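What follows is one chain in structure tokens, specifically the form deposited without this ligand.
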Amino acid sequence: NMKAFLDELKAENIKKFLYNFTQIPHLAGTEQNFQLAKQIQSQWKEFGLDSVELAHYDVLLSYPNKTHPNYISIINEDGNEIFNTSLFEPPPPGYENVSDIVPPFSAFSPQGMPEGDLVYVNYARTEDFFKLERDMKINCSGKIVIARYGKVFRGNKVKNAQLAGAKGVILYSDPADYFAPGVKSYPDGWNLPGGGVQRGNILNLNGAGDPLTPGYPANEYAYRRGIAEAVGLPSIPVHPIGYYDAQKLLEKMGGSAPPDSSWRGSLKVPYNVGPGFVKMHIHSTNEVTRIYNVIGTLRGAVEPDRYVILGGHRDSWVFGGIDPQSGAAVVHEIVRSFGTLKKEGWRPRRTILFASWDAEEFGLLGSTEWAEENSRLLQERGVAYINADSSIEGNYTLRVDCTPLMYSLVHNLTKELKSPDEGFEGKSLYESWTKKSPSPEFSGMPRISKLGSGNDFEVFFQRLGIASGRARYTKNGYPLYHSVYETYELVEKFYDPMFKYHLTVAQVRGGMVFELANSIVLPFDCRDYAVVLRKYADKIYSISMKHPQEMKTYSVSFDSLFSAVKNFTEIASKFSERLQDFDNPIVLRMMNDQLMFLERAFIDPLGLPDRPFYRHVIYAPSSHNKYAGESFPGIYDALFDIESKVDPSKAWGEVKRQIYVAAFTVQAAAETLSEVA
């Protein structure tokens, strides 16, 4: 039983595994990450899994030239290089003989050497570009931003720079965003030093996976596009720097002043938007490189053709002390603990798949390619996907993002768990979590957020429509994210010395997987979807109601969507009444298939407009505001900035079309829960 599974999970094992995974870099495509997969594969066999295989793919990765390094430069009238930005970050104490620490870089930047003049675009948001462009008539055709990391995914920032004429992008981490007041820089606290740099890719893949093989696995015989026709590649060069090097670049800045205090950071500098009072040197290659996923299987006893997936990435930028090895060490113990039960002759009712994804930091490629190869199995047999990236990004409370179908599983599960929090000894995890992080949407309940994008759950949820969730410990990003300073020491000393937060996360993830793989009726409550569908309908109605005149002229009705939502509510009601009153494997299967296929019902096979790989009509990143935008993304995007569009009847036509699509889809989902005949 469940208590058995949980009591076998130990914090010391997690510590032991974390240390084991974090002593060298495990960058996607390198021999070191191959050896770590081989090790995971042995260990998962030893732990008891029925099978453990490597699944490999040949995907487009990106690396800096080991002999013509990347850097930015200040240049005078006569073309001399005054300031040079750092080539490496200062390694942390005791890691000076680290072999193969890849230097800071923006994965997938084209090579270039553009000269030109700075322009500070704040966070390089849509909002921020509407500030320069719309109000202050600033124009960047030929100019170079400079932008601070934060708020939005970094690929949107480069996309936004592209759209707006820019010819280079410089990315830096400002202390306002990544320097917690009152705590010391690493190694003496958990803050970002001035020499630290956030790595990361700057792709805009919109769920496509490997840029060369959209739709199909990058296997041994795959036909690859040319780099010219590739999906999501930037056209302008990009490089990240720490705040010491950004000081130098930003201090001599002139032109217009900042519009307000929200456009100024905490460096002792004017934060002058420019233009004028820079030369980039990049040099990174793209190359097809083999990646390795590890897939463990624990065959179910009664329903072996029904899959519950616990999955997380293994690849790191450098040591990945938090991101992802704090997740992977939790997955390792969970596997050990399941295999322990298995060894005592137990099996789960459904099959559990365990995955160690590769090349996640390069655009979710391991998970995506694997899903593309097995989409047929996943879509007819996939019960649920629990992600397992970073277990901690803080030590305050639990963060859960999941489909509404899993709200009660998560509420119930955490009432049976002991809080690890200071001043909540004896109290439950439900208790601490809901005291520390209450629901804004009412009432005496914890906040659970929407699943968005940008981790490995993406392909499962947003393309395939498999019910997904994630859980981790969070703050009230985290400063050392994607720098060399992200180490085991960072976690043992400053984040979780007992490893009690790690263990709590393991119990939430492990217990979710347990409940999903073992409970006789799937632990989904479709009435929860009904409740949020109403909220989301109200929300989107409100955004439209900021244009009352246009709604009258073009006859923009939301009646169909509210009608669909009401029907969903009634049918889901009648359906849960039936789920309680019934005995008989076939009736059981049928009702579970209905529960399982419900999330699937929200997938439109045509996808969203210009994003064929985002097929979920309810959730699914907005094309503009990515995780930051709203649900019913098709309607939200049709409405976004609609007052600016040239042909209003055409633009309002498309709002109506998206109302239709959403209403139809909600009604169709509902009807999967009607009696079957």
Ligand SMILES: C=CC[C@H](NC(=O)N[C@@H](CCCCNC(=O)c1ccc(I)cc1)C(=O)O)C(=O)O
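So that there is no doubt, residue numbering starts at 1 and follows the sequence shown. The term rigid core refers to the most C-alpha atoms you can superpose between the two forms while keeping them within 1.5 Å. Only residues modelled in both forms are compared.
Heads up, the form solved in complex with this ligand isn't pictured, but that's what we're talking about next.
**Student:** If I take 3+ ligand atoms inside 2.4 Å of backbone or C-beta atoms as the clash criterion, is the pocket here open or blocked once this ligand is superimposed from its pose in the deposited bound form?
**Tutor:** Transferred pose: open.
**Student:** All three of 211, 214 and 358 touching this ligand in the deposited bound form at 4.5 Å, heavy atom to heavy atom?
**Tutor:** Heavy-atom distance to this ligand in the deposited bound form: none of the three under 4.5 Å.
**Student:** Find out whether any non-hydrogen atom of residue 364 is located within 4.5 angstroms of this ligand in the deposited bound form, and reply yes or no.
**Tutor:** So residue 364 counts as contacting this ligand.
**Student:** Flag residue 455 as yes or no: does it have a non-hydrogen atom within 4.5 angstroms of any non-hydrogen atom of this ligand in the deposited bound form?
**Tutor:** Within the cut-off, so yes.
**Student:** Give a yes/no on whether residue 389 approaches this ligand to within 4.5 Å in the deposited bound form, heavy atoms considered.
**Tutor:** Although this ligand is absent here, residue 389 would touch it in the deposited bound form, with heavy atoms inside 4.5 Å.
**Student:** Contact with this ligand in the deposited bound form for residue 507, defined as at least one heavy atom pair within 4.5 Å: yes or no?
**Tutor:** Outside the cut-off, so no.
**Student:** Which of 380, 393, 604, 492 has a heavy atom within 4.5 Å of this ligand in the deposited bound form?
**Tutor:** Contact with this ligand in the deposited bound form is made by 393 alone.
**Student:** Given that this ligand is left out here, which of 431, 303, 117, 401 has a heavy atom within 4.5 Å of it in the deposited bound form?
**Tutor:** If I apply the 4.5 Å criterion carefully, the residue I get is 401.
**Student:** Among 261-269, 334-342, 197-205, 236-244, which stretch has residues with heavy atoms no more than 4.5 Å from this ligand in the deposited bound form?
**Tutor:** Heavy atoms within 4.5 Å of this ligand in the deposited bound form occur in 197-205.
**Student:** Note that this ligand is not shown here; using its position in the deposited bound form, name the residues of 98-130 with a heavy atom within 4.5 Å of it, in sequence order.
**Tutor:** Counting only heavy atoms within 4.5 Å of this ligand in the deposited bound form, no residue of 98-130 makes contact.
**Student:** Taking the rigid core as reference, which of 640, 34, 627, 63 is displaced at the C-alpha by at least 2 Å between this form and the one not shown?
**Tutor:** Result of the superposition: 627 is the only one at 2 Å or more.
**Student:** Taking the shown form as reference, are the C-alpha positions of residue 629 and residue 553 brought closer or pushed farther apart in the deposited bound form, with a change of 3 Å or more?
**Tutor:** Pair moves farther apart in the deposited bound form.
**Student:** Say whether the C-alpha atoms of residue 639 and residue 625 sit closer together or farther apart in the deposited bound form than in the form shown here, given that their separation changes by 3 Å or more.
**Tutor:** Pair moves farther apart in the deposited bound form.
**Student:** After a core superposition, which runs of 3 or more consecutive residues shift by at least 2 Å in C-alpha position between this form and the one not shown?
**Tutor:** Segments displaced between this form and the one not shown after core fit: 96-99, 622-630.
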